[PDB]
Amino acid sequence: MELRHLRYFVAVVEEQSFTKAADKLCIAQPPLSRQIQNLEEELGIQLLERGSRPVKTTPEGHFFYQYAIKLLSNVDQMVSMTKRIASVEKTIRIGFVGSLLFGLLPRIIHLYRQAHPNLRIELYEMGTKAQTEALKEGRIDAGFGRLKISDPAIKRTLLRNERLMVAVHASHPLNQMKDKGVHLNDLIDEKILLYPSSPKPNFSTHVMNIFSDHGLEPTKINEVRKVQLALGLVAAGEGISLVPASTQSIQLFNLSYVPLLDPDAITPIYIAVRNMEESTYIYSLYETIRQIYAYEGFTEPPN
């Protein structure tokens, strides 16, 4: 009834002794009968003789020695034979923070898509927390995000430092300084719109740290589900909001973007991958980012 009852029988025959029988794979001494007897007197057979020195093969049991080593080798043949199959070939899984969709990300993916028309590219928008979990659980192969990951099991790389801008309605007093810029210090009175109210830590918290980081803690906040909502509420004159430079892909009537002069009013973009990562597909993706940056006149991240 079991495959375990057949490896045990091989051990008694092929060793041709009792004084020497520990040579194969994980073997004891006491249950070298209880494992054999279940096989024997159940459906109705009795195999070897017990059992002088050395062992001689038996009429009924020797054929059982012929058919067992073949029936055993079949499962180890047909497993590995079942391995011989992969579906939709090689796949590359990529996690990312939605905020990046307004940046160079889609374009980067497009080129990696062309250079590798061979493989399947899956794209999941997930937070940094989730990306960490996904990378370590092998669910994704690479992640893009805004904030650092503390976790020795992941390697992170800064790709570029991105500039933070203030979103304001056109007729806002701050807009007078559109051509030079304001400092963070100027914003602390304004009703501020943070986003996205969703899996922490996200861009919301990042902004808050930037203020903390600068000795500012503004107590006129309103957290809001997402960016377009914030930009919308802002273009309706609810208040202001901090946004990454790339978000300038969204132009609403009477919505103005003002730079921040504070040298460190910056949001970063990292790539993270599994710690011991060698895959040519990842390196290629990497070199693709490098290729695209090269184009934009941006600095290049090193090997």
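Numbering starts at 1 and runs along the sequence shown.
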As stated in the PDB record, which stretch has the larger average Cα B-factor, 5 to 13 or 289 to 297? 5 to 13
When mean C-alpha B-factors in the record are compared for 271 to 279 and 25 to 33, the larger belongs to 25 to 33
Can you tell me which of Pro263, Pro54, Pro259, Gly239 has the maximum CA B-factor listed in the PDB entry? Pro54
When the CA B-factors of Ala115, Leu105, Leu194, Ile85 are compared as recorded in the entry, which is the largest? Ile85
For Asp76, does the deposited CA B-factor place it in the lowest, middle or highest third of the chain? highest
Chain thirds of CA B-factor: placement of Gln46: highest
CA B-factor placement of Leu255, once the chain's modelled residues are sorted into thirds: middle
